[PDB]
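Structure at a glance
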There are 2 protein chains.
Amino acid sequence: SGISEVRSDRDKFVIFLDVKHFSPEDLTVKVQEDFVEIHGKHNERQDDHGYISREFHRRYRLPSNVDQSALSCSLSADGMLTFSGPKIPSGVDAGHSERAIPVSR
Amino acid sequence: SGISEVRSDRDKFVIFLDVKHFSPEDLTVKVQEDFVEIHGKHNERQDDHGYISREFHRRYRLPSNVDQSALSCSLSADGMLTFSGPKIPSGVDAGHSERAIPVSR
Ligand SMILES: [Zn+2]
Ligand SMILES: [Zn+2]
């Protein structure tokens, strides 16, 4: 869905960002103040002592019910960055059919 | 597969233990020295000032490649206890097609 697609549904929050002109090592992702801050900078030599630098920053609001301890981010072979996090479950019927048993370590 | 079924495959380790005569609060699960230690004790009044206590302990070896930080345990409506943990992935082709990007917090 173009350069940037942000989907937020009952179970998860996902950002898809096209960064095809970048290398994986050029990207940083940082979460602060309920924002996702994504940066990239990529430099290339061009003919006759030229060069090009491409750079971006994208700030996205993180939904308040995303679990910030379960965030993940990956870059696909074709240069799509996916950032995602699960939403914290509704407590309705928590433990109704199956019940969690604590595992002590 | 009877009282106790232990399955260990490429991706996970799972114990299924029938504890139908127990209540959820009667069970404890503790991991120590690469063992899972499961205990239950359940007491019931019976007629004419009688009572019955049922108790068990089951120790299971945890495979060395299970991720002990990702263990889970649940009790089903019909009284089956499931303990499971994922195995740590093989590193072969880690990041080959899609690459993890660190999320700094
Ligand atoms: Zn390049
Ligand atoms: Zn009972």
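The name given to chain A in the PDB entry is Alpha-crystallin A chain, with Bos taurus as the source organism. In its Function (literature references left out) section, the UniProt record describing chain A reads: "Contributes to the transparency and refractive index of the lens (By similarity). Acts as a chaperone, preventing aggregation of various proteins under a wide range of stress conditions. Required for the correct formation of lens intermediate filaments as part of a complex composed of BFSP1, BFSP2 and CRYAA (By similarity)." Comment text from UniProt for chain A, heading Sequence similarities, reads "Belongs to the small heat shock protein (HSP20) family."

Residues and elements named next belong to chain B. With respect to the helices and strands, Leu-17 occurs in strand β2 (residues 12-18). Placed 14 residues apart in sequence, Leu-17 and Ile-3 show a C-alpha to C-alpha distance of 5.9 Å. Residues within four places of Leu-17 in sequence aside, it is in contact with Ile-3, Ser-4, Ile-38, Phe-56, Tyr-60, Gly-79, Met-80 and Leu-81.

For the match of chain B to chain A, the screw axis carries a shift of 0.0 Å, the RMSD comes to 0.0 Å, and the turn is 180°. Accordingly, the operation relating the two chain copies is best matched by a two-fold axis. The C-alpha atom lying nearest the rotation axis in chain B is that of B:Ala70; the distance is 6.2 Å. Interface overlap between copies: 100% of the residues of chain B at the interface are likewise at the interface in chain A, consistent with a symmetric, same-surface contact.

With that settled, the discussion passes to the UniProt feature "binding site: Zn(2+) 2" in chain A. According to UniProt, the positions carrying the feature "binding site: Zn(2+) 2" are A:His49. Along the chain, A:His49 turns up in the loop between β4 (35-46) and β5 (50-61).

Around the zinc ion (ligand 2), the donor atoms from the protein are B:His42 (NE2) and B:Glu44 (OE), and they sit 2.0 Å away. Exposure remark for B:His42: the relative accessible area of 13% places this residue in the buried category.

Rules and cut-offs
Residues numbered from 1 in each chain as written, not as in the entry; some residues may be left out. Chains lettered and ligands numbered in written order. Heavy atoms only, no water. UniProt positions renumbered as here; feature names shortened; annotations may be inferred. Helix = DSSP H or I, 4+ residues; strand = E, 2+ residues; numbered from the N terminus. Contact = heavy atoms within 4.5 Å. Least-squares fit on C-alpha atoms. Donors = N, O, S within 2.8 Å, 3.2 Å for Na, K, Ca; no water. Buried < 20%, exposed > 50% of the residue type's maximum accessible area, 1.4 Å probe, protein only.

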